[PDB]
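Next up is one chain by itself, shown in structure tokens, the form deposited in one PDB entry.
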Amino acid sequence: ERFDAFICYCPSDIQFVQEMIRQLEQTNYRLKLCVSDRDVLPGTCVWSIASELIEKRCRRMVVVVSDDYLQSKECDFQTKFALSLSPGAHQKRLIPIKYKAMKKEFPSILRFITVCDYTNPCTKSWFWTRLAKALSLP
């Protein structure tokens, strides 16, 4: 009915989505993440159910950015639809995440929003803390 965040990801990054479920849902943060392969019911229009969840049934949206993420078209529609809700990031709704080594360019439409970097070994301690705090604010 009401989720804390929608998780935009390609099938190749589903392994890190499991970590996002263990670290945020099964811990003391008690966040309510929306995973399409788990919570989206079959028979729904992939564009209409994404437009209905991201805009009304999810406060924010997490984007797992990787090289395989760029090749995904469904993630492309969800990412651009998320920016359309607040271009300029006034509401802090679009939270991109980099967990893997990317040999391609970061999405140019997301180059002006803070990214939660998981690959930097000097800031791994604050990764889940900053992520769970952003999804917890109203």
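The term rigid core refers to the maximal set of C-alpha atoms that superpose within 1.5 Å between the two forms. Residue indices: 1-based, along the sequence shown.
The PDB entry reports B-factors from which the mean C-alpha value can be compared for 68-76 and 45-53; the larger average falls on 45-53.
Taking the mean C-alpha B-factor of each stretch as recorded, 89-97 and 31-39 are not equal, and the higher mean is that of 89-97. When all modelled residues of the chain are sorted by CA temperature factor, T123 is found within the highest third. For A132, the recorded CA B-factor ranks within the lowest third of the chain. Only modelled residues enter the ranking. In the deposited entry, the Cα temperature factor of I113 sits in the top third of values across the chain's modelled residues. Placement of the Cα temperature factor of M102 within the chain: highest third of the modelled residues, per the deposited record.
As for the form deposited in another entry, it is not shown, yet the points below apply to it.
Of the residues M102, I113, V40, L70, just one CA atom moves 2 angstroms or more between the shown form and the other one under rigid-core superposition; it belongs to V40. With the core held fixed, the Cα of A50 is displaced between the shown form and the other one by 2 Å or more.
Between the C-alpha atoms of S72 and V46, a gap widened by no less than 3 Å is obtained in that other deposited form, as opposed to the form on display. If you compare C-alpha positions, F16 and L41 are 3 angstroms or more closer together in that other deposited form than in the form on display.
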